[PDB]
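There is one chain below, alone, in structure tokens, taken in the form solved without the ligand.
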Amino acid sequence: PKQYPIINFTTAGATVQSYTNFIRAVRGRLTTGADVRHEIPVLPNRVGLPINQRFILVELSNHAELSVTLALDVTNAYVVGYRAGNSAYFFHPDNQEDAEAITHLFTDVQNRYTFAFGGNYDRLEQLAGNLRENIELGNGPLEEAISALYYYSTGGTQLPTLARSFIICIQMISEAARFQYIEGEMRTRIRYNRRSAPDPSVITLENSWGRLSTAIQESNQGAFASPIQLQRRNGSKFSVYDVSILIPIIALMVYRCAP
């Protein structure tokens, strides 16, 4: 059983500081920091990456002292599957190289399951019966999401509730690692001790992460060939023409080309 780095977070007594330390620790295991373009770290190139460096693990615990372990791909910071008790569940891999890679995860588990659906928001929202804009985020939702993931192992969680719990976890871990802006959005929810759905500025940043990585890494000294439309909090659109405005906003990029 290959050993991958593990980062722990608990919703029991969660604070702005403890959540910040958590996301910073996840960023630090996802990248080396040796490849930066325009002050923005780039994730490792999937091509030639050894299997022993391919994944990191996030162990989540809640007030009920239930624990689940999420596996994240270091090449895109996204969850590929999770372990709860004696079972492990994996999203349907996009290719045969990824199918072979995930056989090295959670190998001491007695029961291995692969879903027919992938981890993308499009299908998860369909299984959940709700769009991201109608699924509240925060410490309360994460606490419930951890319990739902845990009890799927013994049939006590229905699939729509599982899918919604995946959407909560991916946004509060993967997307917060990718964007300081979203990290700050979860901080506000903890500061107010309030749960709320993400507003259009968050959703469009999530939808644009791949396009933003491409536009930045292809840019002529930071200047984009074509503008990228983003959304304000009130839903209105504005255009981004170069990398500078994004430096405080995006924290990780998928590898698109050599530096």
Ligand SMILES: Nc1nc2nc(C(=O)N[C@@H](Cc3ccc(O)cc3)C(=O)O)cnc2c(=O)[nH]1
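Quick note: we count residues from 1 along the sequence shown, nothing fancier.
If you look for the form deposited with the ligand bound, you will not find it shown, but the lines that follow are about it.
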Would you please decide whether residue 33 lies within 4.5 angstroms of the ligand in the deposited complex, comparing each non-hydrogen atom pair?
no
Should residue 76 be classed as touching the ligand in the deposited complex when contacts are defined as heavy atoms within 4.5 Å?
yes
Give a yes or no for residue 85: in the deposited complex, does one of its heavy atoms lie within 4.5 Å of a heavy atom belonging to the ligand?
no
Is there a non-hydrogen atom of residue 174 within 4.5 angstroms of a non-hydrogen atom of the ligand in the deposited complex?
yes
Residue within 4.5 Å of the ligand in the deposited complex by heavy atom, from 163, 170, 135, 186, is 170
The ligand in the deposited complex - contacting residues of 69 to 98, heavy atom within 4.5 Å
73, 76, 77, 78, 79, 80, 91, 92, 93, 94, 98
